[PDB]
Amino acid sequence: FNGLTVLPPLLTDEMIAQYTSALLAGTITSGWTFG
Amino acid sequence: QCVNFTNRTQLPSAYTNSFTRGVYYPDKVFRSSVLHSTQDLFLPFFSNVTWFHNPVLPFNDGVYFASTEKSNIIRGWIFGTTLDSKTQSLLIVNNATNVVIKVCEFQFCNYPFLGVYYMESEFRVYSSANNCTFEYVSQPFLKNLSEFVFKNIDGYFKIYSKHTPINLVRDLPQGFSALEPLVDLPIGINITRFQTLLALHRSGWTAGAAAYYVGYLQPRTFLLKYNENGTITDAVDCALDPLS
Amino acid sequence: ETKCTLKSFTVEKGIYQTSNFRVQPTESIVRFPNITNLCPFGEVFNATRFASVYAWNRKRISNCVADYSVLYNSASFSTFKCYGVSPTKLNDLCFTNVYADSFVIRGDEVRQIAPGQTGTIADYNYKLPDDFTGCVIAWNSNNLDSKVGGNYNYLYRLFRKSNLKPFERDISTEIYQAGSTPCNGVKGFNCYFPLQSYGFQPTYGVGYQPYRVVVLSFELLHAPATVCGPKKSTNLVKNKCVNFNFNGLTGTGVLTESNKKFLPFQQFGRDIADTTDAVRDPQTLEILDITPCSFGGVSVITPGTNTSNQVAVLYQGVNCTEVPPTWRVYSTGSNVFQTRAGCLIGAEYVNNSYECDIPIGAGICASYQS
Amino acid sequence: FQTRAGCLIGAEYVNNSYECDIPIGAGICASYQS
Amino acid sequence: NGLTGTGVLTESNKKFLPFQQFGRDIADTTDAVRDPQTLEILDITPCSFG
Amino acid sequence: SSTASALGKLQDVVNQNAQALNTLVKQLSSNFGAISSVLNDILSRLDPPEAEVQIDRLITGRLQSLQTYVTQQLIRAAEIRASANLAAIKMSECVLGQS
Amino acid sequence: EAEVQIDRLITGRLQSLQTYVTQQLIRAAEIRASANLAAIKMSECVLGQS
Amino acid sequence: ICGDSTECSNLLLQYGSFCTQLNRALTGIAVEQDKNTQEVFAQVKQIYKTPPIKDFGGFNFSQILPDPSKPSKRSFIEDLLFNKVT
Amino acid sequence: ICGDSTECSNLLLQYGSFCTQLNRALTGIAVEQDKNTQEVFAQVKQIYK
Ligand SMILES: *[C@@H]1O[C@H](CO)[C@@H](O[C@@H]2O[C@H](CO)[C@@H](O[C@@H]3O[C@H](CO)[C@@H](O)[C@H](O)[C@@H]3O)[C@H](O)[C@H]2NC(C)=O)[C@H](O)[C@H]1NC(C)=O
Ligand SMILES: *[C@@H]1O[C@H](CO)[C@@H](O[C@@H]2O[C@H](CO)[C@@H](O)[C@H](O)[C@H]2NC(C)=O)[C@H](O)[C@H]1NC(C)=O
Ligand SMILES: *[C@@H]1O[C@H](CO)[C@@H](O[C@@H]2O[C@H](CO)[C@@H](O)[C@H](O)[C@H]2NC(C)=O)[C@H](O)[C@H]1NC(C)=O
Ligand SMILES: *[C@@H]1O[C@H](CO)[C@@H](O[C@@H]2O[C@H](CO)[C@@H](O)[C@H](O)[C@H]2NC(C)=O)[C@H](O)[C@H]1NC(C)=O
Ligand SMILES: *[C@@H]1O[C@H](CO)[C@@H](O[C@@H]2O[C@H](CO)[C@@H](O)[C@H](O)[C@H]2NC(C)=O)[C@H](O)[C@H]1NC(C)=O
Ligand SMILES: *[C@@H]1O[C@H](CO)[C@@H](O[C@@H]2O[C@H](CO)[C@@H](O)[C@H](O)[C@H]2NC(C)=O)[C@H](O)[C@H]1NC(C)=O
Ligand SMILES: *[C@@H]1O[C@H](CO)[C@@H](O[C@@H]2O[C@H](CO)[C@@H](O)[C@H](O)[C@H]2NC(C)=O)[C@H](O)[C@H]1NC(C)=O
Ligand SMILES: *[C@@H]1O[C@H](CO)[C@@H](O[C@@H]2O[C@H](CO)[C@@H](O)[C@H](O)[C@H]2NC(C)=O)[C@H](O)[C@H]1NC(C)=O
Ligand SMILES: *[C@@H]1O[C@H](CO)[C@@H](O)[C@H](O)[C@H]1NC(C)=O
Ligand SMILES: *[C@@H]1O[C@H](CO)[C@@H](O)[C@H](O)[C@H]1NC(C)=O
Ligand SMILES: *[C@@H]1O[C@H](CO)[C@@H](O)[C@H](O)[C@H]1NC(C)=O
Ligand SMILES: *[C@@H]1O[C@H](CO)[C@@H](O)[C@H](O)[C@H]1NC(C)=O
Ligand SMILES: *[C@@H]1O[C@H](CO)[C@@H](O)[C@H](O)[C@H]1NC(C)=O
Ligand SMILES: *[C@@H]1O[C@H](CO)[C@@H](O)[C@H](O)[C@H]1NC(C)=O
């Protein structure tokens, strides 16, 4: 580089996948009631 | 007028912690209730400073001098390069009468002193002085802690001072107080070394507890806090701590 | 004015900002220190003998009152040129710690007296800083500094181990080693004396006639002023927007008896970004505080040129006590009113209240019935 | 400590998990207990 | 050999043709040099900042 | 009544506006390459032909700063307008009826 | 004149950097609008029937 | 930019109308602010008043309704909000 | 801008605080991005399986 930097995102992709899995399992099992 | 001595008095120069001493008003501009950041030659916080209980010491960038003195034993100052009639030097003497300053090529022997007679008439600090330019007389400079800051910048010799009643025994007090400007000298001299002058009872000299603190100055950046009355009451060093 | 700024002969019913007004200053106040004494320029200009270039004679000038007109009209000065200030304004300012450097040098090297200039004496005898301020004066001195035997009193350096920092004085006559073999302090091969002597002879014409040079250097507000111009002070007034010149510090505003506490060494004050909020006058030594005299925008309220040709003028954020663009016509006996937005001229306040047209501000709004 | 975001001096790394206080990066963050 | 730059140098596994003198990657940033003495291929990395 | 720092949005909006004004006004104290940061001094010191040069440098610097300030203001105003439209919608749906 | 040339370089690179920052700001505004839309969609279609 | 200088004004004049659209933009912003507040709050056409006697089945809106004692006529929560933020 | 040069830095000094102002915006952008992701995805209180 030449004085420019790229910072990493706070939430890693594994954590994002975990959120999506949680959402999708909840909506499969509970419905809308879990919101 | 001076003869050598045999009792080679030596001051046990110990080291102590500077804490937060050596803050002076940088400019002649009134300000109030404001945080002002300035970069100048200061004395870094929490540094080590040399405390003595008469060697020649380098001047370097600047000098912080202090004396928590009783009865005002310390008398004068001598600055220069070689301290001889060959090279111009600076002398300051503050006796019981008006302080007197000269810039001359004085001639010094091994140890200069005033001396007192007991009705006091005794002065044999130097011997000869051939040629010089500037002289000055003004009000005298001086249990009580007296602080002085000596700077030599751009042909200007700035001398700042402060006085404070002190009751603490030994260490430099855990307090904070700015140093108001006292005098400017509009002559440039190659100041690199300096001495100190005392007042001995010349009847046999008896003066051994010449305790004073000495420190050197470095260029750094400070943040200063002016209250409602425009009095420097708090400061923060920059290049000391990640928090700072 | 609304037609002029909106570029139409027809203006619709609304409020339009036209311009802004400023209270004009009255008279002027010049206040200089009461000290008066002639400034000794003759001896620095009529000294019989001058030193060499590497021993340029420096003198400090302070605590004097100086006129530069006499130094201006003097046609004897071959060259008279200033860098940081106009030569005609020299007798209009106040400095402190003036420096006068006088010497005798080569007329061919007179161009070397300039910032960012490299020559022979410019780099090895006397160097100017790039940010130099002041004036340079030079005039021919063949009759004085040249003799039929040749005046060798004037030496100048040729060999140096390095360059010169600006404003230095070097007189060290050490032998110079021009080869790998060390001279060991002994002159010989590759060992030459750095200084060389001028051979000023009256037989030589222009370009070899020695020249006398004096350089004046100033400061710009780094200390209390001590060398003011030949101007004369005058009295001060308060509670009026005037132009003031406190010891070279110019400004325009209204002065008042200040209330802050100044320390004896403190001259003036400011709070944020060069806003000089107080001054100690050089004569009375009294603290006064400064504030710029009032100003603000102006707006118009019209019911629409299709309906009527009456207007109401609003001065924004200004106390109605002082208002009379000239427009004194709307200051004689017309109805006036005050509000949080400013002062309203040409409209009349009313008891009753109802949903309204064109707004003004702070909950107050206007319309056409007057 | 060496982490995907860089290097950390003056902080002790633990095994526990809490809610985030001062987001440092790469999924890890710091707090005060030391 | 006149190519001036600052960085950390390592050995490289790139394969120059027998007539180049140095390489670069993109946007005109030099990336590998061949030494005028030994004629061997090195690699350049800008030493870290942050 | 007790818990503080519950109004971060309004407070930081005010702080951003104050910071913009403060940096704008502080920018008036920069030489930009000229010999001074105060215009009256160069007016009162030197000859108008080069006063043109110095004043030109001042003018270009100050214009640049002012333009930057104005553009930032435009962006921030766009954000505030988006939030205000959202607030009006929420007042319509939630206050004047059940959502 | 070296300082003059440096001044030219400095002002040019300043203009370039400022332009970059302004473009970044505009693009960030666009992305934020899109993200708000996504949050609404995911709170109204995933967590309940619309 | 100039600050009461004829010379500076004359020099700036030859830049064209750089700083007429500046004032135009600032005024547009201010007018936009007034419109924002107007359209957010002025959703109503009349000014309704709660009756002097209040018995809403058991609910207590006293902390929310204005108190005639305070000259500001702002409710308790509104007073808290106004005092908190500076 | 200066590419590790001293004289360039000194010349750049007299431009005032442009760089503080510039770098104060990129930080806002980055914080905004993190907030965007958090408010899009972190809609739930627990983690289900
Ligand atoms: C101001 O005084 C200082 C000393 O307090 C001078 O600096 C030092 O002066 C000594 C004088 O003996 C130098 O020692 C010798 O100098 C010669 C010529 O420079 C050199 O060839 C020898 O090898 C030996 O070093 C010493 O170098 C010198 N140090 C420095 C850093 O200058 C100083 O010259 C005086 N003048 C000024 C303008 O500072
Ligand atoms: C010590 O005090 C005496 C008394 O004032 C001063 O020495 C001389 O004082 C007389 C009277 O004012 C002056 O005319 C002389 O010029 C003084 N001597 C010198 C050398 O200045 C002075 O205050 C002190 N003497 C010093 C510092 O040498
Ligand atoms: C002041 O006195 C000193 C000591 O004599 C002078 O120094 C030398 O004086 C002799 C007198 O014949 C000269 O030949 C030397 O050239 C002088 N050397 C130096 C280095 O000055 C000195 O000139 C006198 N004047 C001043 C102003 O110091
Ligand atoms: C600034 O100085 C003034 C005095 O010039 C201080 O005023 C003091 O106010 C208290 C409150 O009544 C009095 O009891 C003191 O007697 C006042 N001081 C004097 C010297 O009369 C003021 O407090 C100072 N501001 C500070 C210290 O922040
Ligand atoms: C240096 O000396 C010259 C000549 O003595 C001064 O020039 C003045 O010249 C006019 C007419 O030529 C005379 O009437 C004046 O009497 C001269 N002045 C003096 C003081 O004698 C010149 O002014 C002198 N330099 C300075 C700075 O005054
Ligand atoms: C306009 O100026 C006048 C005169 O200064 C102000 O009148 C003074 O108002 C204060 C209170 O606001 C009174 O205490 C004074 O007695 C008034 N007369 C004076 C000072 O001579 C008037 O208030 C100003 N208008 C505004 C809107 O501030
Ligand atoms: C310059 O060329 C000479 C030619 O002999 C090189 O000498 C040998 O080079 C080979 C291959 O480069 C090496 O394997 C040998 O170790 C070298 N031997 C000696 C005695 O030099 C030489 O390396 C080349 N470079 C230099 C700097 O001399
Ligand atoms: C409705 O609820 C409010 C809640 O504040 C009641 O206000 C009370 O007023 C009395 C008299 O001033 C106070 O002593 C109480 O402390 C208040 N309640 C609280 C919770 O602070 C109000 O009286 C209620 N209305 C009724 C009961 O008719
Ligand atoms: C310098 O300061 C340190 C700080 O603790 C102290 O320990 C030391 O004695 C001082 N003197 C020297 C010569 O290090
Ligand atoms: C020598 O001086 C020291 C320090 O003043 C003192 O303590 C000691 O008594 C002296 N000795 C003599 C013999 O004078
Ligand atoms: C200044 O001088 C004038 C006349 O020379 C005098 O009237 C005035 O009192 C002086 N200033 C002071 C503070 O005494
Ligand atoms: C002025 O107003 C009258 C009545 O409202 C209308 O008939 C007339 O057309 C208007 N004038 C213009 C120029 O439109
Ligand atoms: C109403 O008019 C009366 C004049 O009888 C005046 O005293 C009063 O101030 C007016 N009030 C308002 C609100 O206009
Ligand atoms: C914590 O994590 C480290 C990293 O793998 C592991 O070595 C350690 O056993 C874990 N537990 C504790 C108590 O440190």
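Here the protein sequences come in this chain order: Z, U, B, Y, P, H, V, D and S.
Yeah, the first sequence ends on 889 if you go by the deposited numbering, and it's all consecutive.
The deposited numbering puts the second sequence at residues 14 to 66, 81 to 145, 153 to 176, 187 to 247, 257 to 297.
The deposited numbering puts the third sequence at residues 298 to 621, 631 to 675, 691.
The deposited numbering puts the fourth sequence at residues 643 to 675, 691.
Yeah, the fifth sequence ends on 593 if you go by the deposited numbering, and it's all consecutive.
Yeah, the sixth sequence ends on 1037 if you go by the deposited numbering, and it's all consecutive.
Yeah, the seventh sequence ends on 1037 if you go by the deposited numbering, and it's all consecutive.
Yeah, the eighth sequence ends on 827 if you go by the deposited numbering, and it's all consecutive.
Yeah, the ninth sequence ends on 790 if you go by the deposited numbering, and it's all consecutive.
Where is the CB? At the ideal position from N, CA and C, for every residue including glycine.
Proximity to residue i [Cα-Cα], best of the options
{"i": "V47(U)", "options": "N234(U), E281(U) and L293(U)", "result": "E281(U)"}
{"i": "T859(Z)", "options": "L753(S), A771(S), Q787(S) and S750(S)", "result": "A771(S)"}
{"i": "residue 303(U)", "options": "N61(U), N122(U), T109(U) and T108(U)", "result": "Absent from the structure is residue 303(U), since the part of chain U shown begins at 14 and ends at 297."}
{"i": "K424(B)", "options": "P463(B), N394(B), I402(B) and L390(B)", "result": "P463(B)"}
{"i": "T747(D)", "options": "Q949(H), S943(H) and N978(H)", "result": "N978(H)"}
{"i": "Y451(B)", "options": "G476(B), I472(B), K458(B) and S494(B)", "result": "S494(B)"}
{"i": "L585(B)", "options": "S205(U), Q134(U), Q239(U) and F43(U)", "result": "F43(U)"}
{"i": "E988(H)", "options": "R567(B), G381(B), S596(B) and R357(B)", "result": "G381(B)"}
{"i": "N641(B)", "options": "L611(B), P631(B) and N658(B)", "result": "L611(B)"}
{"i": "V320(B)", "options": "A647(B), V635(B), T618(B) and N657(B)", "result": "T618(B)"}
One or two residues paired with residue i in a DSSP bridge
{"i": "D290(U)", "result": "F275(U)"}
{"i": "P665(B)", "result": "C671(B)"}
{"i": "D111(U)", "result": "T114(U)"}
{"i": "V576(B)", "result": "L585(B)"}
{"i": "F192(U)", "result": "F92(U) and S205(U)"}
{"i": "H49(U)", "result": "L277(U)"}
{"i": "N448(B)", "result": "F497(B)"}
{"i": "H245(U)", "result": "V143(U)"}
{"i": "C391(B)", "result": "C525(B)"}
Beta-carbon separation (whole angstroms), residue i vs residue j, contact threshold 8 angstroms
{"i": "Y28(U)", "j": "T63(U)", "result": "6 angstroms"}
{"i": "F377(B)", "j": "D442(B)", "result": "20 angstroms between Cβ atoms; not a contact."}
{"i": "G639(B)", "j": "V608(B)", "result": "Not really, about 17 angstroms apart at Cβ, beyond 8 angstroms."}
{"i": "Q762(S)", "j": "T1009(H)", "result": "About 12 angstroms separates the two Cβ atoms, so there is no contact after all."}
{"i": "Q965(H)", "j": "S1003(H)", "result": "4 angstroms"}
{"i": "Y200(U)", "j": "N87(U)", "result": "With a Cβ gap of about 17 angstroms, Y200(U) and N87(U) do not count as contacting."}
C-beta neighbour in chain A for residue i, strict 8 angstroms
{"i": "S758(S)", "result": "Included in the structure are the protein chains Z, U, B, Y, P, H, V, D and S, with no chain A among them."}
Any residue with its Cβ nearer than 7 angstroms to a heavy atom of ligand 11 should be included. What is that list in chain order? Put simply, the residues with a CB less than 7 angstroms from any heavy atom of ligand 11 are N331(B), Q580(B), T581(B) and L582(B), in chain order.
Can you list the residues near ligand 2, meaning Cβ strictly closer than 5 angstroms to any non-hydrogen atom, in the order they appear in the chain? In chain order, the residues that have a beta carbon nearer than 5 angstroms to some heavy atom of ligand 2 are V120(U), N122(U), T124(U), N125(U) and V127(U).
Under 7 angstroms, CB to any heavy atom of ligand 1. Which residues pass, going along the chain? Those satisfying the condition are, in chain order, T108(U), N234(U), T236(U) and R237(U).
For the pair the segment 545-559 of chain P and the segment 22-41 of chain U, tell me if three or more CB-CB distances fall below 8 angstroms. Two segments are said to touch when three or more pairs of C-beta atoms, one from each, lie closer than 8 angstroms; by this definition the segment 545-559 of chain P does not touch the segment 22-41 of chain U.
Under 6 angstroms from any heavy atom of ligand 3, by CB: list those residues in chain order, please. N164(U) and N165(U)
Pocket of ligand 10 defined by Cβ to heavy atom distance under 7 angstroms: Selection output, chain order preserved: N20(U), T22(U), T259(U), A260(U) and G261(U).
Touch test, the segment 130-139 of chain U against the segment 161-169 of chain U, Cβ-Cβ under 8 angstroms, three pairs minimum: yes
So, do the segment 458-474 of chain B and the segment 416-430 of chain B have three or more beta carbon pairs nearer to each other than 8 angstroms? yes
Among all residues, which have a Cβ less than 5 angstroms from at least one non-hydrogen atom of ligand 5, and in what chain order do they fall? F338(B), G339(B), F342(B) and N343(B)
Strictly closer than 6 angstroms from CB to any heavy atom of ligand 9: give me those residues in the order they appear in the chain. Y28(U) and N61(U)
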